[PDB]
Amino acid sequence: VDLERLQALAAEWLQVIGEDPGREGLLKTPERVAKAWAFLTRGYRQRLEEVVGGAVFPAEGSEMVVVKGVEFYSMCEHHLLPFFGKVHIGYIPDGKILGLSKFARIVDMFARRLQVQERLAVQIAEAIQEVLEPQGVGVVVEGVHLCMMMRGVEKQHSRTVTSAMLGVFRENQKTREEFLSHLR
């Protein structure tokens, strides 16, 4: 009975900040917020095996596959404010390739949680490593943080880059550079 509990909490939140839950513009707000939050945290209850499904196929070649620009939206665990941007995924197969759409589904699984950008990148990389067991995986996350833009320091031109490199992407300098070069 979590949605109802969230609704009540949201209703009281509105009052504590000085608003009126009874005015027209806020009537269904506690309910809308509850559903929004169940969706924004749905990643905690997802299972990788189910997320990937039967979309793993035999590798067609040996070269690096790069899936760039997968937009994501997450919530920083420190202030509970959104941070969003793009996730760039690169990998070298070892007999298995993933359906392109599954990369976005994996990204969403870890993004729709309370996060820190440094963690988001490692978890995405590790999930891909588990599913495909590739020669190597590279993940670059680049996002803008509202907890830095609409509050506190209030900087406007800043964006953060975090990444995770596994297998040959970590141990082969040229391989890493080639992946990072594809992103420029």
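So that there is no doubt, residue numbering starts at 1 and follows the sequence shown.
Peer 1: On average, are the C-alpha B-factors higher in 66-74 or in 47-55?
Peer 2: Between 47-55 and 66-74, it is 47-55 that shows the higher mean C-alpha B-factor.
Peer 1: With reference to the PDB entry, specify whether the mean Cα temperature factor is higher for 93-101 or for 80-88.
Peer 2: Comparing 93-101 with 80-88, the higher mean C-alpha B-factor belongs to 93-101.
Peer 1: Among the modelled residues of its chain, does the C-alpha B-factor of residue 166 lie in the lowest, middle or highest third?
Peer 2: Within its chain, residue 166 is a middle-third residue by C-alpha B-factor, going by the deposited values.
Peer 1: Just say lowest, middle or highest third for the CA B-factor of residue 175 relative to the other modelled residues in its chain.
Peer 2: Its C-alpha B-factor, which the entry lists for residue 175, ranks in the middle third among residues of this chain.
Peer 1: Ranking every modelled residue in this chain by its Cα temperature factor as given in the entry, which third contains residue 61?
Peer 2: Its C-alpha B-factor belongs to the highest third of this chain's values.
Peer 1: By the recorded C-alpha temperature factor, relative to the other modelled residues in its chain, which third is residue 120 in?
Peer 2: CA B-factor rank for residue 120: lowest third.
Peer 1: Classify residue 126 as lowest, middle or highest third according to the C-alpha B-factor given in the PDB entry, relative to its own chain.
Peer 2: Ranked within chain, residue 126 CA B lands in the middle tercile.
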